[PDB]
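Coming up is one lone chain in structure tokens, specifically the form deposited in one PDB entry.
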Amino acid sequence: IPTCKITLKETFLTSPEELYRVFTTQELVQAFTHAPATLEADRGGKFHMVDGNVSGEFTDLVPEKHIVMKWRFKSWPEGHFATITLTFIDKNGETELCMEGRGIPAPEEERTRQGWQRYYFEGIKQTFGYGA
């Protein structure tokens, strides 16, 4: 499978604590994705979101600092996971979120970029009021 790497940076009007909670709380994920979610906020823990269209496993969780996960869309080749790292940086009580994704199927680059920008970043900002 040819793959690609993407890097996204987004600033939120909330603290790293609050943003990290949004990414790692099943009921908050349910709210911003508008769908039932299951999320085990543990190293080794599984997640399943948007009618099972997104799934994966957390491989490193450092509260308020970083999340590393194996992550896929349901349509990707079976057993194919991207590795996504989210880093939470405090900038004056606001949060700079750096997302780095590796191992994204190359045909899926724009779907995955737009999915992250619209369904994570815009979704979180609009649900919780974390700025434009």
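One-based numbering along the sequence shown.
Unshown form deposited with a small molecule bound; subsequent notes refer to it.
Problem - Contact assignment for the small molecule in the deposited complex, among 99, 61, 39, 50, heavy atom within 4.5 Å - result: For this set of options, the contacting one is 50.
Exercise for the section: Spell it out for me: taking the small molecule in the deposited complex, does every residue among 32, 73 and 119 have a heavy atom no farther than 4.5 Å from it? Expected result: Yes: 32, 73 and 119 each sit within 4.5 Å of the small molecule in the deposited complex.
Handout entry: Listed range touching the small molecule, judged in the deposited complex by heavy atoms within 4.5 Å, from 40 to 48, 53 to 61, 99 to 107, 78 to 86
Key = Going by heavy atoms within 4.5 Å, the stretch is 53 to 61.
Problem - residue 9, heavy atom within 4.5 angstroms of the small molecule in the deposited complex - result: Taking the distances in the deposited complex, the answer for residue 9 is no, it never comes within 4.5 Å of the small molecule.
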